[PDB]
Structure formats: structure tokens, C-alpha cells
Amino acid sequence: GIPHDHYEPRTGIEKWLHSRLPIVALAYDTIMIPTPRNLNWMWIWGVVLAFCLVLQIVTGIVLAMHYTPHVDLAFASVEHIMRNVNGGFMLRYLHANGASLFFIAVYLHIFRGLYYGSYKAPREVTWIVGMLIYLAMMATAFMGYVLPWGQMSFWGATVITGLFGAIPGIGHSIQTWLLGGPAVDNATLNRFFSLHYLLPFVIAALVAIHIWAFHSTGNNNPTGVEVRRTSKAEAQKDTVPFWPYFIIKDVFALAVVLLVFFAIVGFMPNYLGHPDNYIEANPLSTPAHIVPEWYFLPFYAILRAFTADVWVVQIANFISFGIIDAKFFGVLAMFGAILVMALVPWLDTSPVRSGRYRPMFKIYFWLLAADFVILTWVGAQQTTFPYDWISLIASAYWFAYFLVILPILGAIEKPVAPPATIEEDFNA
């Protein structure tokens, strides 16, 4: 909504085309949008995600060209891709590790938002849509991981469909529908394939809206101070056109990211993975060392922190006449952790946008970040003492942050003064 100059048809073809389908003008306004001068290296995860989505989609289509979604051939079919398909081994490892890169990026993308208040008015829709992508992403990655049909694939498939068979009443129905049978079997693999293919396109469409969302409000900068919109004159004092300034840092940033990424795929392709998925799915035994995918660990930690012996669970069990047992409580905790995060635009009562100028906020924020790391770390630890306590304190801190701390800091906290203008911040 900043003050600028729109596309002006100059060429001959350009004037012909423009009067019929102003598609060139649209592309123009999308990459000629005035962007704040002070953006830092935390604003480059959006485009790393773009890349990731595109990378996954094309490598996916390619991979789907050699993959057979049927329990008798799926695992064999992926080895075929590793051993026979020209550059298959590389295409596989790229789709795989591509997933990890996709998540490393969202978390950074997300936490960037949490710290700078990019989710605060008028950016709530950008934020909500974002959350939808996140769920879609997770669902997608989940189904994809099942396709190889290795051990981690099968049991992961079992445990996740199982989550729905924990919903009181309708539960076993929903679960039998997801499985198309009494167990995880071909019918399950076959429909996951179809959905794994379909979801990325939904994410893509959502991303379109996501983009549209922030172009409508303008991007938030590290100072939380809006761009001046009283005259192109001062508006330009706070901004610089997206092209070529940000298009270039993006490509630069992408090259550095891809450098590390390719180093990973080239030299340590199986680090971020689980050795057990190189073992064909066995429906009669679950690997003693089964473990969710690292990007799923934090939420998996929250889920199994809640066993029968936990008080809050017991209170709930008793208070609901036994409906909310440990099983269902863990499930509600996990999705609740995500849902709570989606509600932050409303749980956060401080009127100050950037956490840069919030003294108390900062401590809780970093505790949150540390907590996220800790949760991911416990996810891989056993359930014995003291991991059970650590996972518990951690889960507790998570909800405490969105439900209690942020709402309270809204009043308690006495914030520092932010720059008067982006221009002023950029110069200083």
C-alpha cells in the first residue's frame, strides 16, 4: 500500500499485450514493490522456502515417474531409482534432504516472525495462511516419508493414523477410513501416494495467497515501524524497490544456502535420516530404535510427555468422566501446541510490534527458542528419568509462553522507544 509508480507499457508488443491481459503489469507490481531498506538476513527464509517448494515439486514429479506405489514393489522401486535411473540416487537424496531443508527454513521463518511481531496487526491473515501451509507441509512430508515402505515408513504410518483413533466416539471410524482397512496396508500406501502428489499443489496455491497477503500490507521490517505512506518522497526514504536490490540478495542468499545444502547431499546424504528405513517394512515387528523425523521431534516430545502418572492428565481424566485419558490428552497437547502458536496474534497483547524494543519479551522469546531446541532434543531421548521431567517442563513452558506469559507481558512490560522511521534506523 506504499506510495510508488506502477507499470508503464513501452514496447510495441507490450502495448498490444497490456491492453488485453495486463499480466506483465501484474508481474511488475509483484517485484517492483517498495521494500524497507533495513531488512536483515532473517528475511531471506521466505525465498529459501520458495526454492524448497519448487525443488520438491520438480524432483517429486520426476521421482513419481519411476516409483511404484504398491507394497510389493514400492521399496524395490526406490532402490531401482537409486541404482538404475540416471542420476536417480541424486534425485532421491535431493527430495529427501530437501524435506529437511524445507523445515529448517520454516522454523527459522516462523521464529523470525515470533520475534519481530510479523504476526501482529495488520498481518494476521498472512500469519494464519502461513499456519495453514505449515499443517499442509507436515501432512505432505508425513505421507511422502511413507512411500519408501521401509520400517520407519510403516510404523510412522501406523502411529500417525492412530492419532485419529484417539478422538472420542468418531475415532475408530476416522482411523479405519484413513487406512481403508483394519491395518496399514496397500490401500493406505496407495492413497498416501495420491495425496502426497496432490498436497504440494495446495501448498502452492496457499503460498500464492500468502504472498498476496503481505503485498497487501507491506513487509514488516526489524524495527516494527511502518513505511511512510504520505508521499512517494519520504516513502522512498524508508524503502528501495524490490528489484534489483532484494532479488539480488535473495539469489546471493540462495547460493550460500544451496552451497551448504549440496555439500550435505553430496557428502553426508544420510545424516538427517533414519537407518531403519533402509529395512523393508515388517508389519510384525517395530524397530527398537524407531524415532520420528527430526522436524517432527519437538511435537512428538510434547505428545509422549503426557503419560498416565502425570497429575494434569489425572485431573482431566477425572474431571471429564474418563473421556480425556493420557492417550487423547497427549494428542490434544500436540495439536494444541500448534494451535496455540496460530493464535499468538490474539494472545499477544503488547502494542509494540518488534520484540527488539521489548526487554522482558526477549528473555521469554529466547527461552522459547531454547525450549524448541530442547524439545527436539528430548524427542530422541528415552522415556526414562530425567527425560520425562525435561519433556514435561518443556511442554509446560511452551503453553506457558503463548497462554500466560505473552498475555501478561502486554500489561506488565515497559517497552523501549523504537526508531521514528525506517530511514532513521537504516542510516543509524
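Numbering starts at 1 and runs along the sequence shown.
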query: Mean C-alpha B-factor comparison - 136 to 144 and 169 to 177, higher one; finding: 169 to 177
query: 224 to 232 versus 274 to 282 - greater average Cα B-factor per the deposited record; finding: 224 to 232
query: Out of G162, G98, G150, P351, highest CA B-factor residue; finding: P351
query: Given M360, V62, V378, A50, the residue at which the Cα B factor reaches its maximum; finding: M360
query: CA B-factor ranking of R83, expressed as a third of its chain; finding: middle
query: Third of chain Cα B-factors occupied by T384; finding: middle
query: Chain thirds of CA B-factor: placement of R191; finding: lowest
query: Position of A394 among the chain's modelled residues by C-alpha B-factor, lowest, middle or highest third; finding: lowest
query: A305 CA temperature factor, ranked by third within the chain; finding: middle
